[PDB]
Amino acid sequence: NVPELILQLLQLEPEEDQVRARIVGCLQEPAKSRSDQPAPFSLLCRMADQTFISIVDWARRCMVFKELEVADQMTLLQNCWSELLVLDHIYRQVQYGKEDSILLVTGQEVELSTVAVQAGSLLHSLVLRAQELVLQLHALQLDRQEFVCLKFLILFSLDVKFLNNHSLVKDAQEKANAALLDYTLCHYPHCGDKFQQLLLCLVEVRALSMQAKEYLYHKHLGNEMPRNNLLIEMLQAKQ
């Protein structure tokens, strides 16, 4: 009753538990986060960097992606890095299920009231917009099967004309769209066009991700980002 592609993707999807353990292990020292109050900008930047590293590791193990040459792999990730990070954050909130706070991959909970106090207008806007998307996805009853399929769809969202291996990626794109459509129609028949609604949510994720890139660019110009930051490397798209 579940498409093969989704069954395979579920087998590659880590437990929110292990990802947390992995990242906290790569992150953690002492000065902020622990203490709570106030909030470490540099630490959160490293946390986001480590989250993307976890995402890259997932991609490397993925069917199809693992068959591509490094050049094609880099091009795909350069096109979807921000969207994968935003979707990751949003799904974490969907499962968290709290409208007055946000859950970080490290397990840290941040009150939205705290964001209103500490964040500038741009970031505050981003956080609030992501929460609106969380509400939409909660109402749509987004489940794990759909989430992993959406991640795969985002990973291969690039037009094949930008890659060396066209046939392989083209088939993956068709398979992913077919799987999400089939799964949603069979498991949520009373949500007429859940498939289309999820695709529209991806349009929203893309718009939000662009705004996130603008936030990062602002930080970059102000020399506020840690040196050798991976997200900034991705923002520069020069690899």
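Residue indices: 1-based, along the sequence shown.
- Legend: mean Cα B-factor per stretch from the PDB entry, 156-164 versus 88-96; the higher mean is in 156-164.
- Of the two stretches examined, 72-80 and 110-118, the record assigns the greater average C-alpha temperature factor to 110-118.
- Listed residues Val64, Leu198, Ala59, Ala39 were ranked by CA B-factor as deposited; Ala39 comes out on top.
- In this PDB entry, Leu235 carries a Cα temperature factor that places it within the lowest third of its chain's modelled residues.
- Ranked by Cα temperature factor within the chain, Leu27 sits in the highest third according to the deposited record.
- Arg20: CA B factor in the highest third of modelled residues in this chain (values from the PDB entry).
- In this PDB entry, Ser35 carries a Cα temperature factor that places it within the highest third of its chain's modelled residues.
- When the modelled residues of the chain are ordered by C-alpha B-factor, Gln131 sits in the lowest third.
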